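Below are the structure tokens for one structure; questions will follow.
In order of appearance the chains are A, B, C, D and E, and numbering begins at 1 in each one.
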Amino acid sequence: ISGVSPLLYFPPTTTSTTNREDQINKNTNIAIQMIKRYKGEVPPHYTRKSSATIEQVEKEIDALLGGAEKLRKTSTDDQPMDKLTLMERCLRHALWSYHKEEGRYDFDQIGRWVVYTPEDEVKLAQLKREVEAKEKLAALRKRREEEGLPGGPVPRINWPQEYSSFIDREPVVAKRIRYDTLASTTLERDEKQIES
Amino acid sequence: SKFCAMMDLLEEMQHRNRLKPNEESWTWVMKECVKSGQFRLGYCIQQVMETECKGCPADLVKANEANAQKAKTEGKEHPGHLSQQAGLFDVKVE
Amino acid sequence: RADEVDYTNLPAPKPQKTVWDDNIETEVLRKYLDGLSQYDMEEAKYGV
Amino acid sequence: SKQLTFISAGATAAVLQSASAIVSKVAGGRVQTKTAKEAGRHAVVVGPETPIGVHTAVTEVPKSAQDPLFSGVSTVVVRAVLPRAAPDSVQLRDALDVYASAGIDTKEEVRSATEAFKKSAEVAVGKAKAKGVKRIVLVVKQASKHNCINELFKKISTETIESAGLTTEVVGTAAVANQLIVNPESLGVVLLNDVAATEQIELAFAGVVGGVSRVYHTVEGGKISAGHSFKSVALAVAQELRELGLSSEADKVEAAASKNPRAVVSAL
Amino acid sequence: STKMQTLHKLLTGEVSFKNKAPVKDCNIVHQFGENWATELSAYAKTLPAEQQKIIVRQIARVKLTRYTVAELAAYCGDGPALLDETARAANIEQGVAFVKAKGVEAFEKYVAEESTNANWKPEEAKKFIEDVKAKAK
């Protein structure tokens, strides 16, 4: 900051009307395009051989396994299984794979009926962190939005020290510009469309 | 840290001077933990007063629990870098 | 009358890595925020 | 009868209105002035933002409009411009560096970037050969983020230039910018990689020299004028009228720009 | 004598800094003093005409270097001689927008804080705040 500078810094919010809607909408346009490229082409259409709902299938499975309850017998992890147990495991594994792909995340049942290999366990643990974290982030941004605090993150900086510690003003100004726009802008997508 | 200084002072008093801290001394420590927001030290001091002294001022115990609730909800119960998933080759040993 | 000073010599601008508050938002953006800090330090060293 | 195509890219309405008044008053109505967003010939683009359809962004120091401070300087600054997509869509300059990090395939984008750099390199070497210089200066931002776009830029620009037989010297953005503003006579031809910082440097050089008009070479093949201020736009219009085959009108606009930069329309 | 000789070589480009840093207004101030320009112009008078002209030209270019690249591109479009007035007007417009956005008292404290980092003289800061206030109404 050596030397008398020509101008004073003011918040670079010239286009303060960066309507949250438009910024989110642009984020949606960007996110979808990249996802489509990464995945590739929509897979070729498939016609169902039979018509049935997931809920109906789950109800039928529960009915089938409910009759064979007395017939079931406690078996240890290291003992050979019962035909009943084999059927239950297969059905629940398929059902909960479908549910984990759909979006419903009962992280207890998905654990019991889908987790076999330690690699599978690691993947589940990663999923549980992501789901809970994203959710709590929305809650934080919800309270943050209700307060009007800037949606974007704000670094823990003391710019008065920054100008003092530098010898040239150009990089110092730029850092303020970058982090000012970051906080000024929003960084959320229209998840409705992302999921779709 | 105010807490560290007071604990060291107590250590000097009990060990190098042979004087048993009273209820008043521990209450001051508990007040500092509550005031500073260090809700985990309050739990340990709470047991100390419940063990050596006769219980803890219920006003401070409730306040300490209240401090815990705040960061329990704020996503700051444990420093995040600690909670980051790591691996055998994913840890930076400085 | 010995050497006085090297006017050519300039003290390098000591960079400081930006530190972000430890919230859930930071953990989700840990990689992204780290990249910004690295870019900031690179800009400071080179100048722009 | 004839048509002049006005493109607006981040330009305030005042500049566009001034340009329209200047052309109407000078031309006299013989040549109409239509507004659009893309063109290949007889086009003037107003505003710092880069228009759609331009691959080279050359700029020089015209002898007539040399500022007294920069009298006698002769350096050509050519900025390479990658193809520009819609504002919502991800630009190539950013896609080429982010997709690689994300693991997405980057074959088509690399091919498009390679073609743009080759064309820009060919323009730069042609200018260098015309001026007689033996070595050109490549400018690449040394930020860690742009560790892929610049790498391709260097790999291709040096390949083409070395194939042509001239030398290349790579440099960053801050050092070259300071040299170009302070001691520009030590640089003959400087190519700039496609980055926002390089665009600002090109604008700063075009303005510090005293206000000039930049030349954009498009994919279709041709030259279109570009300005950002009253004087620069006025010079851009004067050159465009000269291209259409109007000498006296071009000279009058140039004289008015030299005399009264901010109020050329009333000056002439 | 050595200081003036070093400064002349530095401006001419013959002499580079230790780390090859850009020779801006800020860089010179930290070594050759705030008024390096004053002690250089007087020294140049003891040199032939060609060197005197080069010194004047280099000094003028260095003063233009006191602005950032973005500021030069935005404001120096219509020539360097008009750069200062254009930059001042743009800064004043920003001040007016700030005042209309978040009151005056905050703006007063904001300008004061900015003057601290800007190394601005109190008189210059007082003149600026008065000018923007007058421009408002």
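Assume a residue touches a chain if its C-beta (ideal position, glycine included) is under 8 Å from a C-beta of that chain, and two chains touch if they have at least 3 such contacts.
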Chain nearest the overall Cα centroid: C
Pair of chains joined by more contacts [C-beta pairs], C-E or A-D: C-E
Between chain E and chain B, distance of the C-alpha-averaged centres to the nearest whole Å: 54
Intercentroid distance (Cα basis), chain C paired with chain B, Å: 36
Whole-Å gap between the CA centroids of chain D and chain E: 27
Junction residues of chain B - those touching two or more other chains: 74-75
Multi-partner residues of chain E (at least 2 other chains): 22, 24, 27, 30, 69
Contacts with 2+ other chains: residues of chain D: 174-175, 177, 197
Inter-chain touch pairs (all): A-B, A-C, A-D, A-E, B-C, C-D, C-E, D-E
Of chain A, residues touching chain B in the complex: 125-126, 129, 136, 140
Chain B - residues contacting chain C, complex: 74-76, 79-81, 83-84
Chain E-touching residues of chain D, taken from the complex the two chains share: 48, 67, 69, 174-175, 177-179, 181-183, 186, 197, 200-201, 203-204, 206-208, 210-211, 228-232, 261-262
Residues of chain B defined as touching chain A within the complex: 74-75, 85
Partner chain E, residues of chain A touching it in the complex: 1-11, 14, 16, 159-160, 163-164, 167-170, 173-174
